[PDB]
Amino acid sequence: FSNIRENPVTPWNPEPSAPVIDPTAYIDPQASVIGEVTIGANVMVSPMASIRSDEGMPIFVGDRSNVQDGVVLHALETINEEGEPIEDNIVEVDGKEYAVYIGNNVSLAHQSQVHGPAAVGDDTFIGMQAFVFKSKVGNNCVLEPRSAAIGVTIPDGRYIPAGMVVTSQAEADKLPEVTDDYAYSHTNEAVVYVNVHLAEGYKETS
């Protein structure tokens, strides 16, 4: 069996698609990547990650991002019964439509999940075991371990404290800002540096 595969034919998917993966990205043998997915350069996809673009599609992962162990990417149906695009389940980023958009230099840490409709802006850290669903996470954000964003827009440069589940726009509007002395202020840039080097080291083993 192959771990990089096309999505299945369904009522909302007449013409199956295979993943478009940059030659510089590293896909672990025990990761799964199915369907209408774009993976950018220098991306690392670790063991036990599941990127499944078979319901809502497409799922994009930008350059120099990382999808760590056990992370799941999936999305709600983007096409309805009559083939009507379900606009509530589609996210717009730079004039293009996605089910799930992961930007560039984004870290999806171990066991996190980003479920469409969703977008995660550049240089954001999504902490261990964190959750993003029906939300837009701006750039330069930090979701601490076990935090969650559901049904909201997290403004650029804010963080979500560990364990906090943000479900209302009033709460996301009052999230704290990332500053230099904040404990996770330098975490994402270190993580992206490490992970781009791991992708290249792992590529040299395949």
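We call the rigid core the largest set of C-alpha positions that still match within 1.5 Å between the two forms. When you see a residue number, it is the position in the sequence shown, counting from 1.
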| message | Fitting on the rigid core only, I'd like to know which of the two stretches, 171 to 179 or 53 to 61, ends up farther away in Cα terms in 5 other deposited structures of this protein. | response | 53 to 61
| field | RMS Cα shift after core superposition in 5 other deposited structures of this protein, winner of 119 to 127 and 78 to 86 | value | 78 to 86
| note | Mean Cα B-factor check, 87 to 95 vs 126 to 134, entry values; winner is 87 to 95
| 37 to 45 versus 162 to 170 - greater average Cα B-factor per the deposited record | 162 to 170
| said: For the CA B factor values reported in this entry, which option in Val67, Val178, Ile59, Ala149 has the top one? | reply: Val178
| Going by what the PDB entry lists, where does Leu73 fall on CA B-factor within its chain: lowest, middle or highest third? | lowest
| remark: Entry-reported C-alpha B-factor of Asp156 relative to its chain, by third, is highest
| query | Of the three thirds of its chain by CA temperature factor, lowest, middle or highest, which one includes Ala119? | reply | middle
| Mind checking which third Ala18 falls in for C-alpha B-factor across the chain? | highest
| Lowest, middle or highest third: where is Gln113 by Cα B-factor in its chain? | lowest
